[PDB]
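Starting off, we have a lone chain in the form deposited in one PDB entry, written out as structure tokens.
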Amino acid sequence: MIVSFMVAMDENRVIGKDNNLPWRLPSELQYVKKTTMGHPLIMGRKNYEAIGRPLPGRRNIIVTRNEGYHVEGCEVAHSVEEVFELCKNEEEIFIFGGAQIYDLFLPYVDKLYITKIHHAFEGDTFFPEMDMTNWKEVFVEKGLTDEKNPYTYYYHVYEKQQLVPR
């Protein structure tokens, strides 16, 4: 099971402001949709409620400590262990955020899909710092910038840096 982080962040790692994206980049979200198709999205409750609805065509799995939290059209998991059990047959899952949710799956992540937006927004939540010498870029692509996607941004994909033995 490939554990993947899916993230869009600005130049200071901002990923949210008041439970919202500080930017409106529809093309970016279309990238996310294409990338995650046929794979579970794992997200915290707050992240889910910020989106406000289930993202169709995907296993939506909400992670919360709250045992009786349910929304229709979604699955609820209360721990990392519960997520792995739910996704036991999944080839790849996408950790969709909640800064806190990223921290939960940090010891397990195998792959990083990071969208980097070349702008500094006002923000109150951040993608956790990561040692990137552990990682290695396998793919990069400049995002579509235009009337509907004002900012400059780049899609990056990283896999684990393989150590060469002494």
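Take the two forms, find the largest set of C-alpha atoms that superpose within 1.5 Å, and that set is the rigid core. Start at 1 and count along the sequence shown; that's the residue number.
This next part talks about the form deposited in another entry, which is not shown.
- With a cut-off of 2 Å and the rigid core superposed, residue 105 has a Cα displacement that falls short of the cut-off between the shown form and the other one.
- Core-superposed comparison between the shown form and the other one: the C-alpha position of residue 151 differs by less than 2 Å.
- Relative to the superposed core, residue 124 shifts its CA atom by 2 Å or more between the shown form and the other one.
- If you compare C-alpha positions, residue 60 and residue 129 are 3 angstroms or more farther apart in that other deposited form than in the form on display.
- The pair residue 42 and residue 28 is tighter in that other deposited form: their Cα-Cα distance falls by no less than 3 Å compared with this form.
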